Structures are given as structure tokens and as C-alpha cells.
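Enquirer: First portion of the complex, with coordinates as positioned in the assembly:
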Amino acid sequence: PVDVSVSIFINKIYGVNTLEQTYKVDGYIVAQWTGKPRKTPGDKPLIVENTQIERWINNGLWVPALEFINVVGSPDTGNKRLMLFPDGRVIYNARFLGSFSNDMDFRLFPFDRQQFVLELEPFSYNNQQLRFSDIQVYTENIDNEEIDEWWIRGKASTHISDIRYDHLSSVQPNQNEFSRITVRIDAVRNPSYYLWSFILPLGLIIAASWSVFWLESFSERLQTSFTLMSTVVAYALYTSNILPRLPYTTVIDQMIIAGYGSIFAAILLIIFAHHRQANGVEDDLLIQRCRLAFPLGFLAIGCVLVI
Amino acid sequence: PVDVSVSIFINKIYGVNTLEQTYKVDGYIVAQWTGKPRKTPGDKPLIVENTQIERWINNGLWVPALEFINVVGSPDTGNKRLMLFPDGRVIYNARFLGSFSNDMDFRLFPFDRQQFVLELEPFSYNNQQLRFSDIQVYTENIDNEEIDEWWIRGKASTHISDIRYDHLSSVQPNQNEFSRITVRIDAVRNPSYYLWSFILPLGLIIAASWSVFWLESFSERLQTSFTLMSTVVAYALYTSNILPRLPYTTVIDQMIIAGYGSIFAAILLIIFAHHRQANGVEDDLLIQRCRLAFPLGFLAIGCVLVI
Amino acid sequence: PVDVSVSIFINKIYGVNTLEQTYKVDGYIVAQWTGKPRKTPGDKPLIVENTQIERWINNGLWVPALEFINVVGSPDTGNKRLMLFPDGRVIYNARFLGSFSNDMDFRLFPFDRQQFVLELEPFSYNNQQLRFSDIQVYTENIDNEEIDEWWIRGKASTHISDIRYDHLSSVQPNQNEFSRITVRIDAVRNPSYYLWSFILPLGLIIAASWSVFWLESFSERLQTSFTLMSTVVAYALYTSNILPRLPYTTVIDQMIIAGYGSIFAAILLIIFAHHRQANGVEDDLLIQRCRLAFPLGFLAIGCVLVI
Amino acid sequence: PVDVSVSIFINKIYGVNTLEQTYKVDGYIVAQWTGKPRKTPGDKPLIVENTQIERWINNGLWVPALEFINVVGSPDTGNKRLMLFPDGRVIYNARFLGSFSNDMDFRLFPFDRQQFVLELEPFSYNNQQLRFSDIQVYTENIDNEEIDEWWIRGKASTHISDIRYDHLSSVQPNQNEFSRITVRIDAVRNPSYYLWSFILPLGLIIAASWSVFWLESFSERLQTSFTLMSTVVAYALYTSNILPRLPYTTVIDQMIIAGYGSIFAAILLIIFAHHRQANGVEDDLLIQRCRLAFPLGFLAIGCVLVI
């Protein structure tokens, strides 16, 4: 029951696909397992590159195919190389870049908690066993990750485990257990751009939306809350150009709905103030003076936004 | 007349192409059919991976090519492997990812009823028969499908059937009947994002559109419904950024037309109220007071769009 | 001079590229020509799939390469298969998907008259001849083509013809005439979405644009036609998000220019009415009353594209 | 020193990448050079297609690799074919589609002067010589180039020349001179769409921008030029949806800056007219009457731009 020692060098994790729950990993893969001793020219290990590996397999060299369980489709293998040793052992070294899949909760948006994962596991081989797994995270923790979209938590987490497949084959005297390495890498989103060029101006607009109560006339109060209405729509549109398409409402997405609400409340009170009277065109002296009543009736509905 | 036993593991169904009626399916394919007994090294089944399969076919091993009837173009086969048994039987195992086609009615938009389908059928072989078909849908019961775009109904539906091709070959003594597996998987769209950040604010804008009648002057009433007009256009524009391009009008698409309608009605009544009088500038006392007459003359044309 | 019998099964015609005059066709191709009789294992026709075809060609089997003349680049051939008969004849069967080119006039936009074309023609062979051509349009008539973007007219049109190339080779004793099948499929665009969510609201905006004349003041009349101006610009922008990029003006594209015209006419008259007087601030009593004069000077004076 | 006769058939030149200075060319390539006489089955020329060419090269047939100097990356070769003659000569015929590079000045935008270029030149071969070059431009002189994005000038320009590489090899007794065909095809952009749906409405908006001076009040004159300001911004946005991304300012791009200028001039004069006085709130009687002074102070500083 063969022993394989894996080493996976992560080079870059880049381009997260928010809708599809997908990210890209470029790196190298190394596998080493010890075989029947061999006569190597010189007595120095043999190096077999690219084209030439398929040839040694055709001669009878076993090289197991190991699959990225959670990869999308099939990845882009750069330079492969077999290093064959005189005393038997064989080191397989391939550079790769490919798209991976994991569960990805983007709900708490621009303050985001994510984890990138690879899953390696021998494709066709039951009892060959992944010995020990190593992971070399190149790029560094605090560094210049302000140039970078993501900050990694985070040194690489490993986990060799055994996975059982229920629906097995026409072999069953105890043959459904495959050796799976699982590599995790925690990360957090760089909440910069989204705070300053996003949350803040949306706030200023929500804020200035309230200065509709400091207009004198009733006519001025209603008509102004209309260009206010469409200032929100014009903003949502700008949100739709920059923000990543999702199937749930993000933090930002809500703030923007709160905007529509604050101004639709405004419209209701402004119209209420004018036709709740005893004597003619008498605007409700006190209600029109919620000037600084629902700015903190929003910071109050807005501390229950944060349950 | 050969018996083939198929097993199809669905891994992910992702990325629906709304215009092209296309979706992506990642999974494994398994086929098993029993052949002439064979001498296998050891007396344990033989494993043949990737490169090596073509070699056994070149020696004379039959392996049938089975086509995804409804795939688009040709898919991305990851790791293939033949498992050859001593007693004859052969298991073919390949991982795949590829784009599929089905009819797709998106009319009832954000509350959407869809079904994903595979169609497998032997490419060139008349009498070899698909025995029984199995389908392993990877998730379960009460999940986290709120992270996910689609909810599956839905345990996999199967259906082995016989399909006849009218325009056949130069063989015809009863040879036009191919064995076709058909796998269905029902699903529903996660109406979340589209309700909260879409239907609702469109409603609030439709609603507030009506508070044009609570303006005093006639001048105020007409001029306001103009910025109201373009508030709708600025909204439709935001719809065009997020919503999926279609060749029919969706539910949302209609609501937005109703918006244009309500405000064009407004412009008609507002101008009518002013010039339906006697000899002067006497606004029609009662008509201008449809204030809460066609908000429920809208909720009334509104057991129509989805009734 | 060899006789080849072609059969082309169209499966889907999807994804029109409006700028590049390109569409995608997924289907099967069948070619059958009779050769020197052969010893086939059993005495049943031989089936040769994929990998194995190149092997028979290497042994000496002729299989002609036939080119899609009007394809873009080179297509995506799925499953090929040779069926070799004992009495000689050979049937070539390949599934394909690829991008095609034809002239495409999108001028009369959302009411669109288009025709999809394949052109098959033996690549390197002068006297081998395309016998007869068959075309199996799967995709059906009054069906559910409301789910579909295009309606096909339209049963497939054929046409085997001979095409002569002027600039020939160093062979010329009558050798410049190649056998070309040409398959046409007429189609019309589903003018749904574009009428309802496009032509109509553009009309309502053009319409309501005219109610600028029913404002009292001159100040109200000018200032209002300005937000009216940019309502059009905001609309064109929404046009730009949904409509397919072209190098000519479509029907819609014009209607939108008529919008800019109507409102620039408005600006002219409104300013004229105010400074054409037999006095001081006396608005031209009658000119300001073109209220329902150029709404039907628009349904008119610009109504001759049906010339 | 071998004589090669080239023939290049241009089929389509489509999809210009404005940023990257890239265009696509689909066509055929033909090379003919005479070799040592050969025994051809029959005594008719031999035809070798696709798979089979590599086989004759493996036997020792020289076929030179000729490179598109200015191609991007490496192209998509469709059907290749060697035609081998009994008297020696060899005709190489390949269909191709690939992306090419040339210098591309888009400055004078929608009235555009462009030229598409191929550069063919033997990859590894010093003294083999490109004999004479032929170019068959399919697309026509008097046509329907209104369906087409570009109009070709323009019959194909040729030019076989010798090019010297300074930094050569370890061969230098006069060995740095390679034979290069250079094919040019002049073209002009179809200024249609951009005149009618772009330049014109930008003009009307520039025009109507001036009718700000025909407002009575000073309040009306300032406040109106603001919605006028953002009408320009809303237009520039529409520009950004349809126009091709560039690294310089186009003709249109300027016209749009002139728009921002005219209205920022307006804001300056309008505010000047109000506080350049004698008796209090006395608007400068004459300055406010530049009503038709800087519309032709724009047709004046605007015609120095181009000319």
C-alpha cells in the first residue's frame, strides 16, 4: 500500500468569481513515492521532462494520476518533470494553474471572511496512501497587502484524511477508501476601496437626504424629496457598475434599500404634516420638526441593521 | 446485444446562460459492460489511466463512444480510466465538465421554475443497450442553498428509453433504435436578491410616483411628473445592468412598463384636470382628488400581470 | 469522378454576433461515397471511432477533407466515426459546433429578416462531386418559439452547385471546378421584448415630451424642456446597455434621434413664441397653441420611412 | 537559393481591437517552390492532407516554416495540404485565421484612416527567397459596404523586400538577410452611425445649451445651466458605453469637452451679468444679450480645433 509524500507550492490566489464560487490558484505540485531500484545513467538521479514522461509510462513506469477534486473542469499544467532515483524513489514535479471551487458566503459583503481550498486525491487508486502533506505559502502576511485585494490570515492549514464512497464498484471486500489531502488558506477582503469610495458617500447621501426637513414651504419639501429619490437610484446604478453580481443582498445592498426607505418615509411624513391640522393650510408645527428626530431614528434602525 | 450500466455523478450545476439556454455540469461518468474474460497481471483488476487507454484500443479493446446528445460543442474530459476485470467486465470512469442545452422559459422571471438535463446515448452503436441508470446528486435536505443561486427541488429523475431516427442509413432490416438515458434535475431560482433589491424599490418608486397628486399648483403637478418620468428611465437603466438579457418581457420588465404607464396616465389626468372647467383657471375639484383613486386603480390592474 | 452524398443535421443555431456577422451552428455532418469492396470482420460493416480513424488513413484509406467555406477559423469537432462497408461504401459521421459567417443586414432592426448559411466544399479535390444534399432541421415551426430568440421561416433550402476559381494552379487542362453545397435557413427576430420594453416606452417619452406646451408660463415651458432633453439622453443610455452594437443606425436608433429633434424643435418654438410679438412680454397667442399641432406634425412630417 | 511563390487570399478582416491595435484576418496561404522530381502514384500530382503532412516531413520532405512576423501569439490553421508534383514542385495550401498587429492612429476618430497589414517571412531560412507575392481581396469595390463597418480603399498593396537583422548568429560571412513579403490594405471607417446617432445629438445638446440666455430672471439662468451641466455628463456616460476605449482624446471626446466649456462659460457670464452694475440688482443690459454672440463665438473657436 504505497506511500506518497505531497508538497504543494501556492504562488498566487487571484480572481475570485463571486457568482460561481471560484478562484484561481497558480503553483507547483510535488509527489514522491519510492519504487523498485533502477539503473540510472551515471549514478545520478535521472531527469525526465514533459514530452518524455509519457514515454516512460509507455515502457511501464507507473505514475499515478492524482485529481484535484474541487477543481473546475481541468487545469493548465505547465512544466512536468519526473526525477527518477537509483534507489528507486520518484519525484513528480509539475507547475499548474487552475480554477477551484469552494462554498463562499459573500453576505457580510465588504468586510468579508473567506477561505481558499484545494483537494487532492488519487484518481483511480484505493490503497496507495498520501503520507504527509506540505504547503509553501509564498506571499506574506502583512507585507504590502494594500496593493493586494485580499489579506491572508493565515498560514496554510493541512489535513490528510480518508474518504469513503458509498456507491462503489464490483470490488467491495473493504475497497472504498481513498486518501485525500485538503489544503485551506484563510483570507479577509481589503475593506478599503469599499469603505471610502462606497459606504461613505452612500452615507453622505443618506445624510443630506434628511436636510429635506429644513425647507420652509410644503411644496419645497415634497418636490425636493423627488430629486432625492432619484439621487438614490442614480447611486444604485453606480453600485451596479462596480460591485460583484450576487444572488443575495449584501451589506451595501441594504444600506441602499434603507436609502429608498428613509426618503419614502420622508414623503409620507411631509404629506402627513400638511393635512393633519385643525385650521386650513396649517402644517403640523411639531411633526415638521422631526428635523433631528429620525436621523437618530435611523441610527436606531441602523443599530438593529447590526443584529 | 451488449448491456451497459451507467452511473453519472453530478458535482455542480452552475452558470446558466439565459440567452443561449445553456448551463454547466461538472461530474463523473461511469460505464460498465462485461466482455470476454482476460488475463490480468496479478489476478486483481487492471487499471489503465488517460494516455494508456488509447493504447488498449489500438490493440483491439472495444470501448464505445457515448455522446452527450444535448451538450454544446464538446466537453472537457478530465481524468479517464479503464478498470479491466479478469472475469471480463470493464468499468469506464471519466470526470467531465461541459455545457448543456435545454428549453428554458424565463418568462415568470425572478420566481423561476427550471430543469437541468443530460442526455447520454451511444454514438455509433444500435444494439448495445443502456441497462440501468444511476445519478448521484451531491447535496441533501436542509442545506445552505441561500449561499447558492438555485435551489434543487428535487432528487434526480431518470429515464432509459429507446429513440428512433427516421433518416437512417444503408442498414434498415430493423436498425434505427438507439438507447438513450435522460437525466432531469428540477430547480427553482433564489428569489431573494431580486425581491429585496429589485421588486421592492421599483414598488416604492411606483408608489411615491403617485404622491404627485398631493401637490397644490397645476404647474407643480406637471413639472414634477417629468423628473418622475426620468426616475423610471434611470431605474430601467439599473435594471439593464443587473438583469440577464432576454428576448421576452419578464415579470420585472412589466412592472417597469407599468411605471411608465402610471406616470403617463398622471400626465394625462393632470392636464385634463386643468382644462376641464368653465371659462377659467378652475382645476376640476374632484378629478385632482384621485389622490387615492388610482393607487387602487393600479393594485386593480394588478391581479393581471401574474394572474 | 467520385460521388459523395451529404447529410447535415442542424441542431441549434444560437448566439448571433451582430457586429461580426457570425452565428453558431451545432450539428452533425454525414458523408457517404462508395469505395473498393473490403473484408470486414464478421461480414457486418466496420465501425471506426475517433482515435482510430487516423490509423486507417495512415494505412491508406482515403477520407477526403471537406471544408466549411464560410466557417470562422476552424470548428469544434465532437465525435467522428467511419462506418466501412463490405461492399465498399464508406459513411463518415461527425458531430460539430462552429461559428459561421454570412452577410447580415440589421438595419430594419427589431423587425429583422435574416438567413443562416453553411457552405461545404471539398478542400483539395476537383473531381470528386457532391451527389445530393439533405438537411434535417430538428427545430420546429409555430412550436414554442416565444421561448426562442428567433423564428425560423423556413424549412431548409439546399443548392449543390459548381464553383470556379480563377486563380488556379499549375494544373489547367480544365481543372478549376469544385463541388459546393450551400445550405440556407431563413429566420425572423422575435420582435417581442423590443416592442414592449423598448419601442413603447420610447414613444411614451416622446409623447409626454409634447405636454411641454400645456404649461402656462414661458419660464416653465423652457426649463421643463431641459429635463425633457436629458430624459432622452438617459434613455439612449439604457438603449446602449441592451441593444447590440452596430455600425449603422437602426429603427430604434432613429426614433431616439427623433426624440432629440422634437425637443430641440420645442426649444425653438417656445423661445420663438416669447419674442415674436406686437408688444412687450406677449407670448404669441396662437403659436404657443401648437399643443396638438406638432404631435400630428410628428406622426406626419417624420413618418415617411414607409416612403 | 530557393524560389518560393506566395499567394495569400484575404477572406475577411474583422474585429478591430482599438486599444491593442489588433485586427483579425481569415484567409488562405499558398506557397510553391520546386524540388527534386518525384515518383507520384499514377503520374498525377499527389495530395497530402492535414495529419499526413507531418509524416512526409518525418520521412525527410523539407517544408519551410514561414512566420507571420506581426501576428499576435500564433494563429488558427484550418486545413493544410501539400500538393506534390512529379516534376518536383510543391504547393502548400493552408487556411488560416489569426490576429495581427499594426500601428493604428484613432485620433481623428469617427472619420478614420486605417491600414491592415500582414508580414510573412521565412522563420529559419536565410537563402530561400520569396519570389513574387499575390493577394486576392475577395470583398469588393462597388458593393454593400454600408452593411459593413469598414470600406476598403483599396486594392491590395504588395512589397517583397529584404530585411537585415543586426544581432545575428555565429554565422556571419554575409548571412543576416531574410525575404519578407509585406501586404497592405487601406481602409476607412463607416462614419454613419457616429454622425447620426452621435455627433448630431451632441450638437443639438450643445446648441440648446445656449438657449440659457433667453431666460428672463438671473435665478432661472443659473439654476438652468446646472441641469445643463449634468445633461453633458449624462451624455458623456452614453459615450462611454458605445465608443471604443482609447488612450487619447478623439474628435468626439473633444466636442464633449467643449460642451463642458460652453456651459462653464455660461455660468461665468451669467454670474458676471448680475454683479457688474450700477444701481443694485441691475443685470448688465448688453452682456446678458450675448444670446447670439457666443453661439458664433463657438462656431469660431471650434473651427480652429480641426483646421
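Expert: Done, it's in. Numbering: from 1, shown residues only, chains lettered A, B, ... in the order given.
Enquirer: Give me the neighbour count for residue A:77.
Expert: Close neighbours of residue A:77, defined as other C-beta atoms under 10 Å in any protein chain shown, add up to 13. Just so you know, the C-beta spots here come from the backbone N, C-alpha and C atoms, and that holds for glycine as well.
Enquirer: For my notes, confirm it occurs in a strand.
Expert: Yes - counting by DSSP: H, G, I helix; E, B strand; the rest coil, residue A:77 is found in a strand.
Enquirer: which ones are touching it?
Expert: Listed by C-beta atoms under 8 Å, 6 or more residues apart in numbering or on different chains, the contact set of residue A:77 reads A:94, A:95, A:96.
Enquirer: out of the residues you listed, who has the most neighbours?
Expert: residue A:96 (20 neighbours).
Enquirer: Hmm, it is touching residue A:30, no?
Expert: No - Residue A:96 lies out of contact with residue A:30 (C-beta atoms under 8 Å); the separation is 11.0 Å.
Enquirer: if we can go back for a sec, just the contacts of residue A:77 now: which is nearest residue D:304?
Expert: Checking these against residue D:304 with C-beta to C-beta, the nearest one is residue A:95 at 58.4 Å.
Enquirer: The closest one contacts residue A:79, correct?
Expert: Yes - at 5.1 Å, residue A:95 counts as touching residue A:79 under the criterion of C-beta under 8 Å.
Enquirer: Quick one: residues in contact with stretch A:236-256.
Expert: Against stretch A:236-256 from outside (C-beta under 8 Å, 6+ apart): A:18-19, A:106-111, A:194, A:198-199, A:202-203, A:206, A:232, A:235, A:257, A:305, B:146-149, B:190, B:192-193, B:196-197, B:201, B:234, B:237-238, B:241-242.
Enquirer: Who does the closest residue to residue A:7 other than its chain neighbours form a beta bridge with?
Expert: Take residue A:7 and drop its neighbours on the chain: the residue closest to it by C-beta to C-beta, 6 or more residues apart in numbering or on different chains is residue A:30, 3.9 Å away. The residues listed as beta-bridge partners of residue A:30 by DSSP bridges are residue A:7, residue A:93.
Enquirer: tell me, how many neighbours does residue A:30 end up with?
Expert: For residue A:30, the number of neighbouring residues by other C-beta under 10 Å comes to 16.
Enquirer: right, and it touches residue A:80 too?
Expert: No - when contacts are counted by C-beta under 8 Å, residue A:30 is not listed as touching residue A:80 (11.1 Å).
Enquirer: what angle do the helix or strand harbouring residue A:219 and helix C:218-242 make?
Expert: For residue A:219, the enclosing helix or strand under DSSP states H and E is helix A:218-242. Angle between the axes of helix A:218-242 and helix C:218-242 is 20 degrees (criterion: axes from the mean of the first three to the mean of the last three C-alpha atoms, to 10 degrees).
Enquirer: for helix A:218-242, which positions count as buried?
Expert: A:218, A:221-226, A:228-237, A:239-240 (16 or more other C-beta atoms under 10 Å in any protein chain shown).
Enquirer: ditto for stretch A:52-65
Expert: So, applying 16+ other C-beta under 10 Å, buried residues of stretch A:52-65: A:53, A:54, A:56, A:57, A:61, A:63, A:64, A:65.
Enquirer: again with stretch A:97-106
Expert: So, applying 16+ other C-beta under 10 Å, buried residues of stretch A:97-106: A:98, A:99, A:100, A:101, A:104, A:106.
Enquirer: mind putting the residues you listed in CSV, secondary structure and distance to chain C included?
Expert: Below are the buried residues of stretch A:97-106 laid out as CSV (DSSP: H, G, I helix; E, B strand; the rest coil; distance: C-beta to the nearest C-beta, whole Å):
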residue, secondary structure, distance to chain C
A:98, strand, 21
A:99, strand, 21
A:100, strand, 26
A:101, strand, 25
A:104, coil, 28
A:106, coil, 24
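Enquirer: while you're at it, add chain E from this line:
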Amino acid sequence: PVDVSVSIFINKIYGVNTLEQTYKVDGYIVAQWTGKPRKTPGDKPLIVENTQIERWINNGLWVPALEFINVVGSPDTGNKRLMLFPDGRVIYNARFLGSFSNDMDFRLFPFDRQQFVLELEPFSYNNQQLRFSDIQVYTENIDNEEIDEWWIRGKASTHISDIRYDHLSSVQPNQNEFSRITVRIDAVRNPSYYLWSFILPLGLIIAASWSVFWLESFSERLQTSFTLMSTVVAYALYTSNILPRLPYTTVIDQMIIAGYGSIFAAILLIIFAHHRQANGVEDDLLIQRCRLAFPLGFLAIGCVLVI
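Expert: Just below you will find chain E, in place on the chains above:
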């Protein structure tokens, strides 16, 4: 310990991916190392092209695989060619185009300081040594780089160095040192388009935003700063169409936040001026006259934006 002489010809550096920190380089690669003398047909160097190189490697010709360390995935190798000399030496010549990665700070946006990098290094070979490195920057001086997006500083910088890998193999008696060429090319962004069609109009809008103080009424002053508010939002939206998506705030991105600030300040002062009085509707005589107080209280704030 083998000596390799590298020569890298840069043809084009194009298409920078701002988010992924990626650029494309098209060029040629040359490697020359001297081997055991050889019998070459004639006694002139042998030329081996494309298909044929793999054949000589199969015979036993060593050709080392050299990897672009920093490339993304794996590049597009055009025409390869071995030139084998009688005296042993071998020149390897390949054309390539591929995507590379470097750190890329876009913070100081449209005035941008960037450097493009290649890293070459023998994939599997410890003691073979990169001799000397040459780099032929075709692309030119002061030239016509106004047609071009980038201006190169900048003649090519080289640097052969030794790199040590900590986590090495089962070989360790001093075997972890690989020979790495590193080629740098400095560049600056063409600040044209972004100055004229971007910074400037953003300035005019910021500028004209201040003429809100030269309105008479208080009602006019508040209501106008609202359309002023959404003039900024409409601008940011135009920013989002043209500017490259980033994860930090650029120069421009700030200027635009300053806009939102200036107008939210305005709204604050304008509302302050009105309710900071004795008793009645007496606008604060002096505060309303910050007319030209915070235009230079902005040229004072947007000036510690560099210091």
C-alpha cells in the same frame, strides 16, 4: 556545469490587467549552449523546426526546459527551431506570447509608475548556468508613443542571479541553487486622456459646484445643491465605465469623494446660514458670503493631498 547564453527579444508589451497585475509580452527567446560536436549534413549547421525537435529529443538530444517563473499559467509558443552546429553548439529559437505577473501599484493613478518583468530560470537543472543575458527592446524612444498607451523609460535592465530554494529535494550536498535571469523594463502611463477628458471636467464640476453661494434665496441655495449632489453621482458613474476596476482608491477616486464632500459641506453651511440669526428669517450676512472663502478652502484641502 553548462553555460547557456540567453537572448530575449521584446516585441510588444500590451494589455495590462489592472486587477490581476498581469501584462502581455510577445517576443522571441534565444538559448545557446555548446555540446558534443556533431556530423551535420553538408558541413553547414542543421536546422530543425517545430514538429521535428521532439524527434531529436526522442533520439537523445538534450534540450533543457526553461520556465518563465512569473508567467501566468503557460504561454503561447509560436515557431520553435533548433539550430545544431557541427562543432557542437546548439541555438534554440522560439517565438512566444504570454501573460506575466508582477507587483503593481496603481494608487497614484493616471500619473503612473510601472515596471514590466520577465523571470527565466531552468526548470529542472541545478548546475547548468545562465551565462550572459541580452534584451532587444524594439519599441522606441520619444517616437510616436502618443499613439501608445505607455511610454517606456527605459532601456531594458538585466540581472543574472542565483536563487536558493529552502525546501529542496532528497539531494542536498549543496544542490539548491538555480540560475535566474530577471529582465526589467520601466514604464509610465500616458496621462493624456485622463487629464483632459477626466481630471479637468471633474474640476469644472467641482468648481461650478461652488457657484451655489451666488444664489439669492435660501430655498434656491438648498434645492440647487441637490441636483449638484447627483451631478457628482452621475459623474462617478461615468468614471465607473472608463476607469479600470481596482481594490484601492486612486487619485481620481479621491477627487470624486472631495466632490461629495464640498457639496455636503455646502448643504451644511447653507442650512447653517439660515438658522444662525437673531430671531427671524435673517440669513447670516457674512457666512453666506463664503462665496470665495471655501473655493480656496478647497485648494487648501486638496493640497495636503500630496504633502
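Enquirer: once more on the contacts of stretch A:236-256, this time with chain E?
Expert: A:18-19, A:106-111, A:194, A:198-199, A:202-203, A:206, A:232, A:235, A:257, A:305, B:146-149, B:190, B:192-193, B:196-197, B:201, B:234, B:237-238, B:241-242, E:233, E:236-237, E:240-241, E:245.
Enquirer: Now, of those, which are buried?
Expert: Buried members of the contacts of stretch A:236-256, scored by 16+ other C-beta under 10 Å, are A:106, A:109-110, A:194, A:198-199, A:202, A:206, A:232, A:235, A:257, B:148-149, B:190, B:192-193, B:197, B:201, B:234, B:237-238, B:242, E:233, E:236-237, E:240.
Enquirer: got the angle between whichever helix or strand comes after the helix holding residue A:219 and helix A:218-242?
Expert: Downstream of helix A:218-242, the first helix or strand assigned by DSSP H and E is helix A:251-275. With the same axes, to 10 degrees as the basis, helix A:251-275 and helix A:218-242 are set at 170 degrees to each other.
Enquirer: got the buried residues for helix A:251-275?
Expert: A:251-267, A:269-271, A:273-274.
Enquirer: what about stretch A:36-52, how long is it end to end?
Expert: End-to-end distance of stretch A:36-52 (C-alpha to C-alpha, to the nearest Å): 20 Å.
Enquirer: List the contacts of it.
Expert: Contacts to stretch A:36-52, defined as C-beta under 8 Å, 6+ apart, come from residues A:56, A:79-88, E:54, E:57-58, E:64-65, E:123-125, E:171.
Enquirer: out of those, which are inside helices?
Expert: Secondary structure from DSSP state H places A:56, E:54, E:57, E:58 of the contacts of stretch A:36-52 in helices.
Enquirer: Backbone dihedrals for the closest residue to the second one other than its chain neighbours, please?
Expert: Yep, that's residue E:54 we're talking about. Ranked by C-beta to C-beta, 6+ apart and with sequence neighbours excluded, the top spatial neighbour of residue E:54 is residue A:51, at 5.4 Å. When read as degrees, to the nearest 10, the backbone of residue A:51 gives phi -50, psi -40.
Enquirer: Pull the number of nearby residues for residue A:51.
Expert: Count around residue A:51 with other C-beta under 10 Å applied: 14.
Enquirer: Next, residue A:209: secondary structure please.
Expert: Quick answer, by three-state DSSP: residue A:209 is helix.
Enquirer: Hmm, residue A:263 and it touching each other?
Expert: Yes - applying C-beta under 8 Å, one finds residue A:209 in contact with residue A:263, separated by 5.7 Å.
Enquirer: Find the residues that touch each one of these two.
Expert: Here residue A:209 and residue A:263 have A:228, A:232 as joint contacts, going by C-beta under 8 Å, 6+ apart.
Enquirer: The helix or strand where residue A:32 lies vs chain E: in contact?
Expert: Assessed by DSSP H and E, residue A:32 sits inside strand A:22-33. Yes - using C-beta under 8 Å from any C-beta of the partner chain, strand A:22-33 reaches chain E at A:26, A:32.
Enquirer: list the contacts for residue A:290?
Expert: Residues in contact with residue A:290, defined by C-beta under 8 Å, 6+ apart, are A:213, A:269, A:297.
Enquirer: Nearest to residue C:283 among these?
Expert: Scanning those for proximity to residue C:283, where the rule is C-beta to C-beta, the winner is residue A:213, at 37.8 Å.
Enquirer: Enumerate every residue touching the closest one.
Expert: Neighbouring residues of residue A:213 by C-beta under 8 Å, 6+ apart: A:221, A:266, A:270, A:288, A:289, A:290, A:291.
Enquirer: rerun that using 7 Å as the cut-off
Expert: Shown in contact with residue A:213 (C-beta atoms under 7 Å, 6 or more residues apart in numbering or on different chains): A:288, A:290, A:291.
Enquirer: tell me which of those is nearest to chain E?
Expert: Checking the contacts of residue A:213 against chain E by C-beta to the nearest C-beta gives residue A:291 as the nearest, at 9.8 Å.
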